[PDB]
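As structure tokens, the structure follows; a few thoughts come after it.
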Amino acid sequence: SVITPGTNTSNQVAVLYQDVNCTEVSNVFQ
Amino acid sequence: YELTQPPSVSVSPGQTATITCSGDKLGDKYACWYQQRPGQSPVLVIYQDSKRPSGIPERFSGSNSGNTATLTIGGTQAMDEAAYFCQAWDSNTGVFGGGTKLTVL
Amino acid sequence: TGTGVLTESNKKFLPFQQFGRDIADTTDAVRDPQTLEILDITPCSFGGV
Amino acid sequence: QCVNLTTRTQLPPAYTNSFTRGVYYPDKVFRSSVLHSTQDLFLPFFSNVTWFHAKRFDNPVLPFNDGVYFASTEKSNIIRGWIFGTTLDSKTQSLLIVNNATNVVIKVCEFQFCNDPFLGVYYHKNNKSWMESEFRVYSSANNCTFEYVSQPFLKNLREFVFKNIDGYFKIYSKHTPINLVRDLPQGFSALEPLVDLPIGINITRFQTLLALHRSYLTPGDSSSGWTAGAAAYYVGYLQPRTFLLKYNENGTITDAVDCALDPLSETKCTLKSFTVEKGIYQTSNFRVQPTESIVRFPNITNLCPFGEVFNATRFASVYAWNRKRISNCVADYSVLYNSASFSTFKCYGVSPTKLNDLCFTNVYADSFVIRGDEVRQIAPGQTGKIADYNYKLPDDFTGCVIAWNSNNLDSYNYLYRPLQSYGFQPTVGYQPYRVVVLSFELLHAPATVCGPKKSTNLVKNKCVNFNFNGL
Amino acid sequence: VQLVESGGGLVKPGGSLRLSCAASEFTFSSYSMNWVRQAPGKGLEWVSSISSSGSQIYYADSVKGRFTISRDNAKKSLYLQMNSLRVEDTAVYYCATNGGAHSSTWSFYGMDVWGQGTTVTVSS
Ligand SMILES: *[C@@H]1O[C@H](CO)[C@@H](O[C@@H]2O[C@H](CO)[C@@H](O)[C@H](O)[C@H]2NC(C)=O)[C@H](O)[C@H]1NC(C)=O
Ligand SMILES: *[C@@H]1O[C@H](CO)[C@@H](O)[C@H](O)[C@H]1NC(C)=O
Ligand SMILES: *[C@@H]1O[C@H](CO)[C@@H](O)[C@H](O)[C@H]1NC(C)=O
Ligand SMILES: *[C@@H]1O[C@H](CO)[C@@H](O)[C@H](O)[C@H]1NC(C)=O
């Protein structure tokens, strides 16, 4: 899933991997 | 096609040589210029009416426009005494001149 | 093949397209052979009663 | 011809950035103002595209991976074409594209391209306009099939997309006047097709064709004064990506997004819009792939008495050959097939190496002793004393026949079916031969004779692709 | 490159001969060759020409239908047919490098690498 403010505000994006541990592929938050 | 050259030219060493090449409507053709000393294979001295291959000294000055094409050796020396041949191409027929004749006095 | 009414169009086809198309696999325009003119294809009038 | 210029120049390649570039019309079909998602070969956005130069001679033969994007600055007409091909030599057809000033020529011949193919350029003084072009591309070009002629393809930036799909050579071009200083511009421009040549050859490598002046002439070099003007060309590689091409009202591609480029572009694709509203969107699915397979089966058991017939301390005679049944065991045909002790080994139906996988209901071994001259008789529909009065093979499917000379062991005890004895003298066609015929029963019952099954080591705690006893 | 001529010798008019011209390094291919005679007391006067690919062949008028110039880049040499002799075919023969590739570029260069010629004498 893709977290976005909107192309009308910024191109910054956060990506959410829905049911997975942070052990398989700038800051990572479990 | 014809290239007309004076039979011989004589210049004292240290002077300035001058050599022409006459014929029909010539300056619409690239004319090459040729050394050949007695008993030797010749060597280029001018091509495309102003170019000089590498190793050719800067004295070997010439240009073409109109109905005659000229060769000038400024600062003539004892090295120079040789036969000089005008050349051109006519509808892919190489045409050579009679060939003027140095005499370094 | 198809059925419709062929009309003049104002769609600037570039020299390399032969036919235009509309959504869901339906021709919209086409250029004819032998004349290279672009003809629009409009479906014949229909409706419920 | 064929003067070579690449003396030593070996600079490492430099990369510029193809910002948003090489988006062609991947289709011949007009679109209204719709956001159409296309999956085709494309140049991914913001990719490192190598930067070669007119000077430094820069004409390396480059790989034609799937199709390339070719860009070019060239205020003067110095890039003259490309030599797409596989070997760029004889024995392989190659494609040549060249345009002079008013005509482009395309040829697919068995060219003999040079190491440094290019075109000399000269201006005669009577008319300074004819750029008298000389070909230093190939030494021999003969025996060819395709020749196409049209108006030429060509700071006047020029862009090309070549791709070789299903026997067709497709060229998309876009020529633009550019003001930017050195590199590719930023404004989006959509390439549109020129031609679709039915060339139908294999292309794997390519090289651009330069136009070099002769600045000076040393007597014997041929490589003296080849000045290379001033220009620059970039070579990018097409990768299969999904784009979302914004068509105009008129059908022109005004904008695009590269799905695989980054998460935002992937969202724009999956939402089919160039503007995404604030929120959370689901775009795809992550799946760890297996890294290796583990196959694994029951643990090795009784072997087929391949222990008894070819050994036989004595073989029976051909008039009373033996017929032994073998069943309920694993048949390793690899050992006997690899064995060099067999003079002849003819199998019908299946190659000897696949019997490990195949299964049968039963197998029969027909064992007897014959002569080498009679070995030809073991074949369907054969005639002769043996085939007519003795062991006769059926016209239908046969299994495998094995034979080998047995002079050392068997050279009047052996008779052949009115009965006559062999003159086996221990001193080539009259020496004894032992023959075993493998007849397969493949329908009679549930299969019980099969080859073994190779096991592999097991790996734990990793997503793997397994096969446990058929599960 | 360095070129050497050979094959020139005494022959009676109407005979035949075959001149030879071998090159020094493989840059032979990048050179259109030319033959030119020297009558024992006369000037340069062109014989014939042949391109790098060998696909133009152009002779002088005085020599058409006698001479066939052939070129083999693999053996990296130049050949000239002799045929049906004049007497005034007697000369020293020069094989000369142009550097141009085709018909249209021979006018832009000089004939610039030159093997030491071979003398052909044609006497009864
Ligand atoms: C007869 O007996 C022996 C042992 O059972 C078999 O000999 C093997 O033959 C194969 C093929 O020639 C060789 O690769 C093996 O190395 C042999 N065994 C040994 C231990 O060396 C022979 O195949 C048997 N015949 C039958 C029908 O089973
Ligand atoms: C972005 O937002 C502004 C104001 O919120 C609006 O005027 C503009 O049309 C928006 N851009 C779009 C919808 O592409
Ligand atoms: C994620 O993995 C670590 C070790 O890799 C483990 O200690 C942790 O409990 C996991 N998080 C879960 C199970 O929520
Ligand atoms: C096509 O052929 C017809 C003849 O039936 C002719 O009338 C028409 O002008 C042709 N169109 C062309 C050649 O474009």
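So for chain D, numbering is Swiss-Prot's, and the shown residues are 14-67, 77-176, 187-443, 449-454, 491-500, 503-546, in order.
Any Cβ shown, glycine's included, is placed from N, Cα and C.
The disulfide bond feature in Swiss-Prot is assigned to D:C15-D:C136 (among others); the stated evidence is sequence analysis. In the shown protein chains, 22 other C-beta atoms lie within 10 A of the C-beta of D:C136 (disulfide bond).
Long-range Cβ neighbours of D:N17 (N-linked glycosylation site) (same chain, at least 6 residues apart, Cβ-Cβ under 8 Å): D:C136, D:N137, D:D138, D:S255. Swiss-Prot lists D:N17 (among others) with the feature N-linked glycosylation site.
A sphere of 10 angstroms centred on the C-beta of D:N61 (N-linked glycosylation site) encloses 12 other C-beta atoms. Per Swiss-Prot, the feature N-linked glycosylation site maps to D:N61 (among others); the stated evidence is experimental evidence.
DSSP assigns D:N122 (N-linked glycosylation site) to coil in the three-state reduction, placing it in neither a helix nor a strand. As annotated by Swiss-Prot, N-linked glycosylation site applies to D:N122 (among others).
Marked as disulfide bond by Swiss-Prot: D:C131-D:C166 (among others). Contacts of D:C166 (disulfide bond) defined by a Cβ separation under 8 A and a same-chain sequence distance of 6+ are given as D:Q115, D:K129, D:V130, D:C131, D:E132, in order along the sequence.
Residues of the region 'Disordered' (D:142-164) grouped by DSSP class, helix first, strand second and coil last, total 0 helix, 6 strand, 17 coil. What Swiss-Prot records for D:142-164 (among others) is region 'Disordered'.
Here the Cβ of D:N149 (N-linked glycosylation site) has 9 other Cβ atoms within 10 Å, regardless of which shown protein chain they belong to. Annotated N-linked glycosylation site per Swiss-Prot: D:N149 (among others), in sequence order, evidence recorded as experimental evidence.
Annotation for D:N165 (N-linked glycosylation site): spatial neighbours D:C131, D:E132, criterion Cβ-Cβ under 8 Å with sequence separation of six or more. Taken from Swiss-Prot, the feature N-linked glycosylation site applies to D:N165 (among others), supported by experimental evidence.
The N-linked glycosylation site annotation in Swiss-Prot covers D:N234 (among others). Cβ neighbours within 10 Å of D:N234 (N-linked glycosylation site), excluding its own Cβ and spanning all shown chains: 13.
DSSP places the residues of the region 'Disordered' (D:246-262) in helix, strand and coil in these numbers: 0 helix, 3 strand, 14 coil. Taken from Swiss-Prot, the feature region 'Disordered' covers D:246-262 (among others), and the record attributes it to a curator's inference.
Swiss-Prot lists D:280-301 with the feature region 'Putative superantigen'. Sequence-distant neighbours of the region 'Putative superantigen' (D:280-301) (same chain, 6+ residues past either end, Cβ-Cβ under 8 Å): 33, 36, 38, 43-46, 50, 55, 57-59, 220, 222, 273-274, 308, 313, 315-316.
For D:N282 (among others), the entry in Swiss-Prot reads N-linked glycosylation site. According to DSSP, D:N282 (N-linked glycosylation site) sits in a coil region rather than a helix or strand.
The disulfide bond annotation in Swiss-Prot covers D:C291-D:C301 (among others) and is backed by experimental evidence. Around D:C301 (disulfide bond), the same-chain residues six or more apart in sequence whose CB sits under 8 Å from its CB are D:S50, D:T274, D:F275, D:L276, D:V289, D:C291, listed in sequence order.
Applying DSSP to the region 'Disordered' (D:319-335) sorts its residues as follows: 0 helix, 5 strand, 12 coil. Among the features that Swiss-Prot reports, region 'Disordered' is placed at D:319-335 (among others), with the record citing a curator's inference.
Summarising the environment of D:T323 (O-linked glycosylation site), the number of other Cβ atoms within 10 Å of its Cβ, over all protein chains shown, is 10. Swiss-Prot lists D:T323 (among others) with the feature O-linked glycosylation site, giving experimental evidence as the kind of evidence.
Counting every protein chain shown, the number of other Cβ atoms lying within 10 Å of the Cβ of D:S325 (O-linked glycosylation site) is 12. According to Swiss-Prot, the O-linked glycosylation site annotation covers D:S325 (among others).
Counting residues per DSSP class in helix, strand and coil order gives 0 helix, 4 strand, 19 coil for the region 'Disordered' (D:519-541). Every protein chain shown contributes to the tally, and the Cβ of D:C131 (disulfide bond) ends up with 18 other Cβ atoms within 10 Å. Ligand 1 lies under 6 Å from the Cβ of D:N343, out of the glycosylation sites D:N122, D:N165, D:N343. Proximity to D:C525 (disulfide bond), judged by a C-alpha distance within 10 Å, picks out D:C361 from the recorded positions D:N122, D:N149, D:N234, D:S325, D:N343, D:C361. Among the glycosylation sites D:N17, D:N122, D:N282, D:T323, D:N343, the ones with a Cβ under 8 Å from a Cβ of chain C are D:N282.
A distance of 18 Å separates the Cα atom of D:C432 (disulfide bond) from that of D:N343 (N-linked glycosylation site).
Proximity to chain E, defined as a C-beta distance under 8 Å, is registered for none of the recorded positions D:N122, D:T323, D:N331, D:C336, D:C379.
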